């Protein structure tokens, strides 16, 4: 009997992360495990997947530092505006010994292994307003903008730190919120802007680049522990191979889609990034998030970039 591996994500079927797991991870483990993905948060709500793995109702998810920070506030360090520099930097950080205690905490306290880090992409402010209606140059320009952000404290804080007035909303609700004007904008990376067709209901992207964002491939520790050494090696290899494939494809999308978006009439332009970075840094000073970061870890992350 093969082990069933149920995976739940709010991501679509066509998202590069989903594709990588389905086309690279799934066939590699198929000899002993059957991958069973659920997209669009049909099975488990966004931000409830970790709990579902811990409670034996799910085996895998595409988790985030923000989701983990709900349980272990120190994970907020990996979800902090302007800290990660690139996809390559994320990999260096995840593989550095600094990550060891973070990984151990999740295993010991949630019964979940973080197998791999995946690249999600550069988050930017995507607004319904045209550039002429609202030009984003400094954080002051986002005053009073109702910016959707995902529903966790660290996510809301990031939206606030940009200068906007964040509102929490599940990923699957964004399109309709933009269509009806219940929010002014959202911040998913360009491949998602296209995949989810947010460009049909917005007019600009201000390239704030405020979070070079990532996910983790989360995997039940109970399942892992029941696998043979050979099977564990295959699962780890399959997860890393999927992350690597997805990363390359996501980066390619990120490069090519600017022109596609502009062809759809989107205005895509950079603000004053020095001004944004400086402002966001000072927003974190004095915050609960800053106080949760273990000694020396931020400096270590910086040095790896």
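Residue numbers count along the first chain shown, from 1.
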Practice item. Determine, for stretches 259-267 and 235-243, which one has the higher mean CA B-factor as deposited. Key: 259-267
Revision key, fill the gap. Once average C-alpha B-factors are taken from the entry for 207-215 and 145-153, the winner is 145-153
Practice item. Quick one: which of 126, 85, 220, 105 shows the highest Cα temperature factor in the PDB entry? Key: 105
Point to revise | Options 116, 90, 122, 179 - largest CA temperature factor per the record | key: 179
Revision key, fill the gap. Tertile call for residue 190 (CA temperature factor, within chain, third-based) is the lowest
Revision key, fill the gap. Residue 70: CA B-factor among chain residues, third -> highest
Study note, to complete from the structure: Entry-reported C-alpha B-factor of residue 130 relative to its chain, by third, is highest
Review point. What third of its chain, lowest, middle or highest, does the C-alpha temperature factor of residue 94 fall into?
Key: middle
Exercise for review: Taking the chain's C-alpha temperature factors as the reference, tell me which third residue 64 falls into: lowest, middle or highest.
Suggested key: lowest
